[PDB]
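Okay, input_23.txt is below, compact mmCIF, N, CA, C and O atoms:
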# COMPACT_ATOMS: atom_id res chain seq x y z
N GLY A 699 -1.69 -5.87 7.19
CA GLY A 699 -1.06 -6.83 8.06
C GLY A 699 0.40 -7.11 7.77
O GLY A 699 1.04 -7.84 8.55
N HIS A 700 0.95 -6.56 6.69
CA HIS A 700 2.34 -6.85 6.33
C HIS A 700 3.17 -5.61 6.00
O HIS A 700 4.35 -5.77 5.67
N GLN A 701 2.62 -4.41 6.08
CA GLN A 701 3.38 -3.19 5.83
C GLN A 701 2.88 -2.08 6.75
O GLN A 701 1.73 -2.10 7.19
N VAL A 702 3.76 -1.14 7.06
CA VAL A 702 3.44 -0.02 7.94
C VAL A 702 3.53 1.28 7.14
O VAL A 702 4.55 1.55 6.49
N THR A 703 2.45 2.06 7.16
CA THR A 703 2.38 3.34 6.46
C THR A 703 1.80 4.37 7.40
O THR A 703 0.85 4.09 8.13
N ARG A 704 2.37 5.58 7.39
CA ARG A 704 1.73 6.70 8.05
C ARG A 704 0.62 7.26 7.17
O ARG A 704 0.88 7.75 6.06
N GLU A 705 -0.61 7.19 7.66
CA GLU A 705 -1.78 7.67 6.92
C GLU A 705 -2.30 8.93 7.61
O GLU A 705 -2.76 8.87 8.75
N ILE A 706 -2.23 10.05 6.91
CA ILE A 706 -2.81 11.31 7.36
C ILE A 706 -4.11 11.50 6.58
O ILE A 706 -4.08 11.76 5.37
N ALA A 707 -5.24 11.38 7.27
CA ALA A 707 -6.55 11.34 6.63
C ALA A 707 -7.39 12.52 7.08
O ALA A 707 -7.37 12.90 8.25
N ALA A 708 -8.13 13.09 6.13
CA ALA A 708 -9.07 14.17 6.41
C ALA A 708 -10.49 13.63 6.23
O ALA A 708 -10.82 13.06 5.19
N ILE A 709 -11.32 13.81 7.25
CA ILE A 709 -12.68 13.27 7.27
C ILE A 709 -13.65 14.44 7.22
O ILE A 709 -13.79 15.17 8.21
N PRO A 710 -14.34 14.66 6.11
CA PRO A 710 -15.35 15.72 6.06
C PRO A 710 -16.55 15.39 6.93
O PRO A 710 -16.90 14.23 7.14
N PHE A 711 -17.20 16.45 7.43
CA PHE A 711 -18.40 16.30 8.26
C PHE A 711 -19.26 17.54 8.00
O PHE A 711 -19.08 18.58 8.62
N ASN A 712 -20.21 17.39 7.07
CA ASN A 712 -21.06 18.51 6.67
C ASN A 712 -22.30 17.97 5.96
O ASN A 712 -22.38 16.79 5.62
N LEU A 713 -23.27 18.86 5.75
CA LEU A 713 -24.52 18.50 5.10
C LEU A 713 -25.01 19.68 4.28
O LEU A 713 -24.98 20.82 4.74
N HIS A 714 -25.48 19.40 3.07
CA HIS A 714 -26.17 20.37 2.23
C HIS A 714 -27.67 20.18 2.41
O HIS A 714 -28.18 19.07 2.24
N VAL A 715 -28.37 21.26 2.75
CA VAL A 715 -29.80 21.23 2.99
C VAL A 715 -30.48 22.28 2.12
O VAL A 715 -29.99 23.42 2.04
N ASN A 716 -31.57 21.91 1.47
CA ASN A 716 -32.37 22.83 0.68
C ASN A 716 -33.53 23.37 1.51
O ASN A 716 -34.05 22.69 2.39
N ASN A 717 -33.93 24.59 1.20
CA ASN A 717 -35.05 25.23 1.89
C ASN A 717 -36.24 25.51 0.99
O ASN A 717 -37.36 25.15 1.33
N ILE A 718 -36.02 26.14 -0.16
CA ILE A 718 -37.10 26.68 -0.98
C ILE A 718 -37.42 25.70 -2.10
O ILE A 718 -36.56 25.44 -2.95
N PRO A 719 -38.64 25.14 -2.16
CA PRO A 719 -39.02 24.25 -3.26
C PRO A 719 -39.39 25.00 -4.54
O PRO A 719 -40.53 24.94 -5.01
N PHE A 720 -38.42 25.71 -5.12
CA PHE A 720 -38.66 26.56 -6.27
C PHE A 720 -37.42 26.57 -7.14
O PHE A 720 -36.31 26.77 -6.64
N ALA A 721 -37.61 26.36 -8.44
CA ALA A 721 -36.54 26.49 -9.41
C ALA A 721 -37.14 26.59 -10.80
O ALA A 721 -38.23 26.06 -11.06
N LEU A 722 -36.42 27.26 -11.70
CA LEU A 722 -36.67 27.18 -13.13
C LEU A 722 -35.41 26.68 -13.81
O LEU A 722 -34.33 27.25 -13.61
N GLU A 723 -35.54 25.63 -14.62
CA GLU A 723 -34.41 24.99 -15.26
C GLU A 723 -34.47 25.20 -16.76
O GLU A 723 -35.50 24.91 -17.39
N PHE A 724 -33.38 25.70 -17.33
CA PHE A 724 -33.29 25.95 -18.77
C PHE A 724 -32.13 25.16 -19.34
O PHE A 724 -31.07 25.07 -18.72
N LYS A 725 -32.34 24.59 -20.52
CA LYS A 725 -31.29 23.91 -21.27
C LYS A 725 -30.96 24.79 -22.48
O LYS A 725 -31.65 24.75 -23.50
N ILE A 726 -29.89 25.57 -22.36
CA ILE A 726 -29.53 26.56 -23.37
C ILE A 726 -28.40 26.00 -24.22
O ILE A 726 -27.29 25.77 -23.73
N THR A 727 -28.68 25.77 -25.51
CA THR A 727 -27.71 25.21 -26.43
C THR A 727 -27.77 25.96 -27.75
O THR A 727 -28.73 26.68 -28.04
N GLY A 728 -26.73 25.78 -28.56
CA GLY A 728 -26.72 26.29 -29.92
C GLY A 728 -26.12 27.67 -30.11
O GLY A 728 -26.45 28.33 -31.10
N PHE A 729 -25.26 28.12 -29.20
CA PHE A 729 -24.65 29.44 -29.35
C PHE A 729 -23.89 29.56 -30.66
O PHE A 729 -23.98 30.59 -31.35
N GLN A 730 -23.13 28.53 -31.03
CA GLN A 730 -22.26 28.63 -32.20
C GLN A 730 -23.07 28.66 -33.48
O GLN A 730 -22.68 29.31 -34.46
N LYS A 731 -24.22 28.00 -33.49
CA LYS A 731 -25.07 27.94 -34.66
C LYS A 731 -25.70 29.29 -34.99
O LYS A 731 -26.19 29.48 -36.11
N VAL A 732 -25.70 30.22 -34.05
CA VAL A 732 -26.34 31.52 -34.25
C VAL A 732 -25.31 32.62 -34.45
O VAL A 732 -25.43 33.44 -35.37
N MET A 733 -24.29 32.67 -33.59
CA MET A 733 -23.30 33.74 -33.71
C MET A 733 -22.26 33.45 -34.79
O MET A 733 -21.75 34.38 -35.42
N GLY A 734 -21.95 32.18 -35.01
CA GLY A 734 -20.97 31.84 -36.03
C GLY A 734 -21.51 31.91 -37.45
O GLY A 734 -20.78 32.27 -38.37
N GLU A 735 -22.78 31.58 -37.63
CA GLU A 735 -23.36 31.48 -38.96
C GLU A 735 -24.32 32.63 -39.23
O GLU A 735 -24.57 33.48 -38.38
N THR A 736 -24.86 32.64 -40.45
CA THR A 736 -25.85 33.62 -40.86
C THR A 736 -27.24 33.21 -40.39
O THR A 736 -27.57 32.03 -40.28
N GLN A 737 -28.07 34.22 -40.13
CA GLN A 737 -29.47 34.01 -39.80
C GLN A 737 -30.42 34.72 -40.75
O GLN A 737 -31.50 34.20 -41.05
N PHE A 738 -30.05 35.90 -41.24
CA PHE A 738 -30.97 36.67 -42.07
C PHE A 738 -30.68 36.50 -43.56
O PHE A 738 -31.50 35.95 -44.31
N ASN A 739 -29.50 36.94 -44.01
CA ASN A 739 -29.20 36.84 -45.44
C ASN A 739 -28.97 35.40 -45.87
O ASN A 739 -29.21 35.06 -47.03
N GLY A 740 -28.50 34.55 -44.96
CA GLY A 740 -28.32 33.15 -45.31
C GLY A 740 -29.64 32.49 -45.68
O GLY A 740 -29.68 31.60 -46.53
N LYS A 741 -30.73 32.91 -45.04
CA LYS A 741 -32.04 32.35 -45.36
C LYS A 741 -32.57 32.89 -46.68
O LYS A 741 -33.15 32.14 -47.46
N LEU A 742 -32.37 34.19 -46.94
CA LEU A 742 -32.81 34.76 -48.21
C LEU A 742 -32.08 34.13 -49.39
O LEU A 742 -32.65 33.96 -50.47
N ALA A 743 -30.81 33.77 -49.20
CA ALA A 743 -30.05 33.12 -50.27
C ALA A 743 -30.64 31.78 -50.68
O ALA A 743 -30.33 31.30 -51.77
N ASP A 744 -31.47 31.18 -49.83
CA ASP A 744 -32.05 29.88 -50.15
C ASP A 744 -33.24 29.98 -51.08
O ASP A 744 -33.71 28.94 -51.57
N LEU A 745 -33.75 31.18 -51.34
CA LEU A 745 -35.02 31.36 -52.05
C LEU A 745 -34.79 31.63 -53.53
O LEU A 745 -35.63 32.22 -54.20
N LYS A 746 -33.67 31.16 -54.06
CA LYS A 746 -33.36 31.45 -55.46
C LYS A 746 -33.98 30.39 -56.36
O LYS A 746 -33.70 29.20 -56.19
N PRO A 747 -34.83 30.78 -57.32
CA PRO A 747 -35.53 29.85 -58.21
C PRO A 747 -34.68 29.45 -59.42
O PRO A 747 -33.55 29.92 -59.53
N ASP B 450 18.26 -16.32 -36.69
CA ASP B 450 17.38 -15.97 -35.58
C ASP B 450 18.08 -15.09 -34.56
O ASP B 450 17.72 -15.07 -33.38
N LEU B 451 19.10 -14.35 -34.98
CA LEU B 451 19.88 -13.58 -34.03
C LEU B 451 19.02 -12.47 -33.44
O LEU B 451 18.66 -11.52 -34.14
N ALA B 452 18.70 -12.58 -32.15
CA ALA B 452 17.89 -11.58 -31.49
C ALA B 452 18.04 -11.74 -29.98
O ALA B 452 18.43 -12.80 -29.49
N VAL B 453 17.75 -10.67 -29.26
CA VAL B 453 17.58 -10.72 -27.81
C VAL B 453 16.15 -11.15 -27.53
O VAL B 453 15.20 -10.54 -28.01
N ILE B 454 16.00 -12.23 -26.76
CA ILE B 454 14.69 -12.80 -26.49
C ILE B 454 14.18 -12.40 -25.11
O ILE B 454 12.97 -12.21 -24.94
N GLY B 455 15.06 -12.28 -24.12
CA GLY B 455 14.64 -12.03 -22.77
C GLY B 455 15.73 -11.38 -21.95
O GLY B 455 16.85 -11.16 -22.41
N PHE B 456 15.39 -11.07 -20.70
CA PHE B 456 16.30 -10.39 -19.80
C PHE B 456 15.90 -10.69 -18.37
O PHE B 456 14.80 -11.17 -18.09
N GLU B 457 16.83 -10.40 -17.46
CA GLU B 457 16.58 -10.47 -16.03
C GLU B 457 17.13 -9.19 -15.41
O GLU B 457 18.12 -8.63 -15.90
N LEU B 458 16.48 -8.72 -14.35
CA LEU B 458 16.91 -7.50 -13.69
C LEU B 458 17.42 -7.80 -12.30
O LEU B 458 17.14 -8.86 -11.73
N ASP B 459 18.17 -6.85 -11.76
CA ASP B 459 18.51 -6.83 -10.34
C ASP B 459 17.65 -5.86 -9.56
O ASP B 459 18.09 -5.33 -8.54
N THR B 460 16.43 -5.59 -10.03
CA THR B 460 15.56 -4.65 -9.34
C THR B 460 15.23 -5.16 -7.95
O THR B 460 15.00 -6.36 -7.75
N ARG B 461 15.24 -4.26 -6.98
CA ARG B 461 14.88 -4.58 -5.61
C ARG B 461 13.97 -3.49 -5.08
O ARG B 461 13.94 -2.37 -5.59
N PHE B 462 13.22 -3.83 -4.03
CA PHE B 462 12.33 -2.85 -3.43
C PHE B 462 13.11 -1.95 -2.49
O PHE B 462 14.28 -2.16 -2.19
N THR B 463 12.44 -0.92 -2.01
CA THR B 463 12.92 -0.10 -0.90
C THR B 463 11.94 -0.29 0.25
O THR B 463 10.83 0.24 0.22
N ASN B 464 12.36 -1.03 1.28
CA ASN B 464 11.44 -1.39 2.35
C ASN B 464 11.29 -0.23 3.34
O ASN B 464 11.64 -0.31 4.51
N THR B 465 10.76 0.87 2.81
CA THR B 465 10.43 2.01 3.66
C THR B 465 9.16 1.73 4.45
O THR B 465 9.00 2.26 5.56
N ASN B 466 8.28 0.91 3.90
CA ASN B 466 7.13 0.39 4.62
C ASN B 466 7.46 -0.87 5.41
O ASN B 466 6.56 -1.46 6.02
N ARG B 467 8.72 -1.29 5.41
CA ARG B 467 9.18 -2.41 6.22
C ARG B 467 8.32 -3.65 6.01
O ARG B 467 8.00 -4.38 6.95
N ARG B 468 7.91 -3.88 4.76
CA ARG B 468 7.16 -5.08 4.44
C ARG B 468 7.97 -6.34 4.77
O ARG B 468 7.43 -7.30 5.34
N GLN B 469 9.25 -6.34 4.43
CA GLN B 469 10.14 -7.47 4.69
C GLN B 469 11.03 -7.13 5.87
O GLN B 469 11.68 -6.09 5.88
N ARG B 470 11.06 -8.02 6.86
CA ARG B 470 11.89 -7.81 8.04
C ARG B 470 13.12 -8.71 8.06
O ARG B 470 13.88 -8.66 9.04
N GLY B 471 13.33 -9.53 7.04
CA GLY B 471 14.55 -10.31 6.96
C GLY B 471 14.63 -11.37 8.04
O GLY B 471 13.62 -11.89 8.52
N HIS B 472 15.86 -11.71 8.43
CA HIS B 472 16.11 -12.69 9.47
C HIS B 472 15.84 -12.10 10.84
O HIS B 472 15.87 -10.88 11.02
N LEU B 473 15.56 -12.97 11.80
CA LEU B 473 15.29 -12.58 13.17
C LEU B 473 16.41 -13.04 14.09
O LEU B 473 16.97 -14.12 13.92
N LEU B 474 16.72 -12.22 15.09
CA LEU B 474 17.68 -12.55 16.12
C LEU B 474 16.97 -12.67 17.46
O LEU B 474 16.09 -11.86 17.77
N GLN B 475 17.33 -13.68 18.24
CA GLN B 475 16.92 -13.77 19.62
C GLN B 475 18.07 -14.29 20.47
O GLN B 475 18.94 -15.01 19.98
N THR B 476 18.07 -13.91 21.74
CA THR B 476 19.05 -14.42 22.68
C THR B 476 18.60 -15.77 23.20
O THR B 476 17.42 -15.98 23.50
N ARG B 477 19.53 -16.71 23.28
CA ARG B 477 19.25 -18.05 23.77
C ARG B 477 20.37 -18.43 24.72
O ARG B 477 21.44 -17.84 24.71
N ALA B 478 20.11 -19.42 25.57
CA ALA B 478 21.15 -19.97 26.41
C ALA B 478 20.91 -21.45 26.63
O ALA B 478 19.76 -21.88 26.73
N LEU B 479 21.99 -22.22 26.69
CA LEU B 479 21.94 -23.65 26.95
C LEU B 479 22.52 -23.92 28.33
O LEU B 479 23.36 -23.15 28.80
N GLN B 480 22.07 -24.99 28.97
CA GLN B 480 22.65 -25.41 30.23
C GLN B 480 23.23 -26.82 30.13
O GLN B 480 22.59 -27.72 29.58
N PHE B 481 24.45 -26.98 30.63
CA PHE B 481 25.13 -28.27 30.72
C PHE B 481 25.44 -28.56 32.17
O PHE B 481 25.99 -27.71 32.87
N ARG B 482 25.10 -29.76 32.64
CA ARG B 482 25.30 -30.13 34.03
C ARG B 482 26.27 -31.29 34.13
O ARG B 482 26.09 -32.32 33.47
N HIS B 483 27.29 -31.14 34.98
CA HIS B 483 28.37 -32.12 35.14
C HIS B 483 28.45 -32.54 36.60
O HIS B 483 29.29 -32.00 37.35
N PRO B 484 27.63 -33.48 37.05
CA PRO B 484 27.76 -33.96 38.43
C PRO B 484 28.97 -34.85 38.63
O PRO B 484 29.30 -35.66 37.77
N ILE B 485 29.62 -34.70 39.77
CA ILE B 485 30.85 -35.44 40.06
C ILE B 485 30.48 -36.74 40.77
O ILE B 485 29.84 -36.71 41.82
N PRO B 486 30.84 -37.90 40.20
CA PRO B 486 30.58 -39.17 40.89
C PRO B 486 31.63 -39.53 41.92
O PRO B 486 32.75 -39.03 41.87
N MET B 487 31.27 -40.40 42.86
CA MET B 487 32.27 -41.06 43.68
C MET B 487 32.93 -42.19 42.90
O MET B 487 32.33 -42.76 41.98
N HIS B 488 34.17 -42.50 43.25
CA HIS B 488 34.89 -43.57 42.58
C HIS B 488 35.31 -44.62 43.59
O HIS B 488 35.35 -44.39 44.79
N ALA B 489 35.59 -45.81 43.07
CA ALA B 489 35.90 -46.94 43.93
C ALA B 489 37.09 -46.62 44.83
O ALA B 489 38.02 -45.93 44.40
N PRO B 490 37.08 -47.09 46.07
CA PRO B 490 38.18 -46.77 46.99
C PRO B 490 39.39 -47.64 46.73
O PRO B 490 39.36 -48.59 45.95
N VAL B 491 40.49 -47.28 47.40
CA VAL B 491 41.62 -48.17 47.59
C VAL B 491 41.83 -48.31 49.08
O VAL B 491 41.69 -47.34 49.83
N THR B 492 42.13 -49.53 49.52
CA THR B 492 42.24 -49.83 50.94
C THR B 492 43.53 -50.59 51.21
O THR B 492 44.06 -51.25 50.32
N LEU B 493 44.03 -50.47 52.42
CA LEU B 493 45.04 -51.39 52.90
C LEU B 493 44.55 -52.01 54.20
O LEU B 493 44.09 -51.28 55.09
N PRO B 494 44.56 -53.33 54.33
CA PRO B 494 44.26 -53.92 55.63
C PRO B 494 45.48 -53.94 56.52
O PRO B 494 46.62 -54.07 56.08
N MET B 495 45.22 -53.79 57.81
CA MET B 495 46.18 -54.07 58.86
C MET B 495 45.42 -54.67 60.02
O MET B 495 44.22 -54.45 60.16
N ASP B 496 46.10 -55.46 60.85
CA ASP B 496 45.42 -56.04 61.99
C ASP B 496 45.14 -54.97 63.03
O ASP B 496 45.77 -53.91 63.04
N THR B 497 44.19 -55.25 63.92
CA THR B 497 43.86 -54.28 64.96
C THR B 497 44.83 -54.34 66.13
O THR B 497 45.02 -53.33 66.81
N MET B 498 45.46 -55.49 66.40
CA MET B 498 46.22 -55.63 67.63
C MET B 498 47.54 -54.86 67.60
O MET B 498 48.01 -54.39 68.65

Would you put the structure from the file into structure tokens?
Amino acid sequence: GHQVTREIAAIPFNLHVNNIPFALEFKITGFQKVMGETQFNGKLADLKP
Amino acid sequence: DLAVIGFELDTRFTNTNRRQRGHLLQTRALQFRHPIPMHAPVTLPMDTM
């Protein structure tokens, strides 16, 4: 009510629709713990009496 | 206690959005009426004969 501005506005008009009630969901974590560190000899080193 | 404590600026806006319109001008006109009165007469009498 007290200022004039030119407003150029873009109004989206679309819809996302799913068809197939099928999915498999995996939570994959820990890449660095396997490729960065030891897995085989590191474990054998723990067995020293 | 020698120190600068405060300041004032001459900052002003840029009314590109024309928020402030300042003073307003309008055209006006006045009317004065001067009616002319009648004034007392001057007469001279003379006889009719």

Could you list the residues in chain A lying within 10 Å of chain B, using only C-alpha atoms, and format the result as JSON, numbers by chain?
{"A": [699, 700, 701, 702, 703, 704]}

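A straight line drawn from atom O of residue 706 in chain A to atom C of residue 463 in chain B is 20.7 Å long.
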
Name the residues of chain A that come out as alpha helix (DSSP H) in a backbone DSSP run; write them as a ChimeraX atom specification.
/A:729-733,739-742

Residues from the last selection, N, CA, C and O atoms, saved as an mmCIF file, keeping the file's coordinate frame:
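Output below, filename part-v5.cif:
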data_model
loop_
_atom_site.group_PDB
_atom_site.id
_atom_site.type_symbol
_atom_site.label_atom_id
_atom_site.label_comp_id
_atom_site.auth_asym_id
_atom_site.auth_seq_id
_atom_site.Cartn_x
_atom_site.Cartn_y
_atom_site.Cartn_z
ATOM 1 N N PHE A 729 -25.260 28.120 -29.200
ATOM 2 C CA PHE A 729 -24.650 29.440 -29.350
ATOM 3 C C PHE A 729 -23.890 29.560 -30.660
ATOM 4 O O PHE A 729 -23.980 30.590 -31.350
ATOM 5 N N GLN A 730 -23.130 28.530 -31.030
ATOM 6 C CA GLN A 730 -22.260 28.630 -32.200
ATOM 7 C C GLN A 730 -23.070 28.660 -33.480
ATOM 8 O O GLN A 730 -22.680 29.310 -34.460
ATOM 9 N N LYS A 731 -24.220 28.000 -33.490
ATOM 10 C CA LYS A 731 -25.070 27.940 -34.660
ATOM 11 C C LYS A 731 -25.700 29.290 -34.990
ATOM 12 O O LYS A 731 -26.190 29.480 -36.110
ATOM 13 N N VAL A 732 -25.700 30.220 -34.050
ATOM 14 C CA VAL A 732 -26.340 31.520 -34.250
ATOM 15 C C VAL A 732 -25.310 32.620 -34.450
ATOM 16 O O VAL A 732 -25.430 33.440 -35.370
ATOM 17 N N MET A 733 -24.290 32.670 -33.590
ATOM 18 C CA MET A 733 -23.300 33.740 -33.710
ATOM 19 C C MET A 733 -22.260 33.450 -34.790
ATOM 20 O O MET A 733 -21.750 34.380 -35.420
ATOM 21 N N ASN A 739 -29.500 36.940 -44.010
ATOM 22 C CA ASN A 739 -29.200 36.840 -45.440
ATOM 23 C C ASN A 739 -28.970 35.400 -45.870
ATOM 24 O O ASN A 739 -29.210 35.060 -47.030
ATOM 25 N N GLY A 740 -28.500 34.550 -44.960
ATOM 26 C CA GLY A 740 -28.320 33.150 -45.310
ATOM 27 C C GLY A 740 -29.640 32.490 -45.680
ATOM 28 O O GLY A 740 -29.680 31.600 -46.530
ATOM 29 N N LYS A 741 -30.730 32.910 -45.040
ATOM 30 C CA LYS A 741 -32.040 32.350 -45.360
ATOM 31 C C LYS A 741 -32.570 32.890 -46.680
ATOM 32 O O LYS A 741 -33.150 32.140 -47.460
ATOM 33 N N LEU A 742 -32.370 34.190 -46.940
ATOM 34 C CA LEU A 742 -32.810 34.760 -48.210
ATOM 35 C C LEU A 742 -32.080 34.130 -49.390
ATOM 36 O O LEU A 742 -32.650 33.960 -50.470
#

For the atom pair atom N of residue 460 in chain B and atom N of residue 472 in chain B, what is the interatomic distance in Å to one decimal place?
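Value for the atom N of residue 460 in chain B-atom N of residue 472 in chain B distance: 19.5 Å.
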